[PDB]
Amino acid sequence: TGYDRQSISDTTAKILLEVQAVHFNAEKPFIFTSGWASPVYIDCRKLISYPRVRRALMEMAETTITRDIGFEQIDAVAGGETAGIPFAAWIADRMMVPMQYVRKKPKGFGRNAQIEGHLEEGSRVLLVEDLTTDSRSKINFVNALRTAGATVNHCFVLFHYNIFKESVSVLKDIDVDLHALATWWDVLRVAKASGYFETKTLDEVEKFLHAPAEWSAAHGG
């Protein structure tokens, strides 16, 4: 699958396109429950349904983690509910460490109402999610972990939008480093080189990537 960051980015973008976890539509943009308009759409949940694909992604996740964080810095892996859970389960297995998962909302009240699994005080926990857009929803999960006694300095996702400043800075501002396999820039570059898409389509995707909030406003949102 590749050891270096660049081959992992490439292979991951190719996979996202190969099984159409990524879709483009310049003519009829994707409209989101939040009222965002976009010519791009990704569903990383799709990836769980392809045995060879998910294996490769999990192999590359473990490589990314051990390369950029280390081999013995993580005592447990916690998945964000829901879409982070399958990936957390596989990464936890590969890393031979305890798994937890973190509920979006507490069940009851207490320093532990969002944590499922056993979490030892002092454990260094890696937060795993499928993707990040602007990382705002990660603050909840990081907080639940820290309140429950965990040390959290890293978050891993498969896919990092990398089009909003916030995706890195919201995490850095609460002392968490972001790690990922690929971004929209990797998808765009592979898509271009492939020859499979119309220039009109990729032109629009690129426009969105450079200024997505403005692009949304000019096409709907």
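Quick note: we count residues from 1 along the sequence shown, nothing fancier.
Q: Give the stretch, out of 196-204 and 5-13, with the larger mean C-alpha temperature factor in the deposited entry.
A: Here the higher of the two C-alpha B-factor means belongs to 196-204.
Q: State which stretch shows the higher mean Cα B factor in the entry: 147-155 or 103-111.
A: Higher mean C-alpha B-factor in the PDB entry: 103-111.
Q.
Maximum C-alpha temperature factor per the entry, among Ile31, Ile48, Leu57, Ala182, belongs to which one?
A. Comparing C-alpha B-factors across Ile31, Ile48, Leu57, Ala182, the top value belongs to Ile31.
Q.
Highest recorded C-alpha temperature factor, please, choosing from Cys44, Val53, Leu171, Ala26.
A. The record points to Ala26.
Q) Can you tell me which third, lowest, middle or highest, the CA B-factor of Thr64 falls into for its chain? A) Its C-alpha B-factor, which the entry lists for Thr64, ranks in the lowest third among residues of this chain.
Q. Taking the C-alpha B-factors as the PDB entry records them, is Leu178 in the lowest, middle or highest third of its chain?
A. Lowest third, going by the recorded CA B-factors of the chain.
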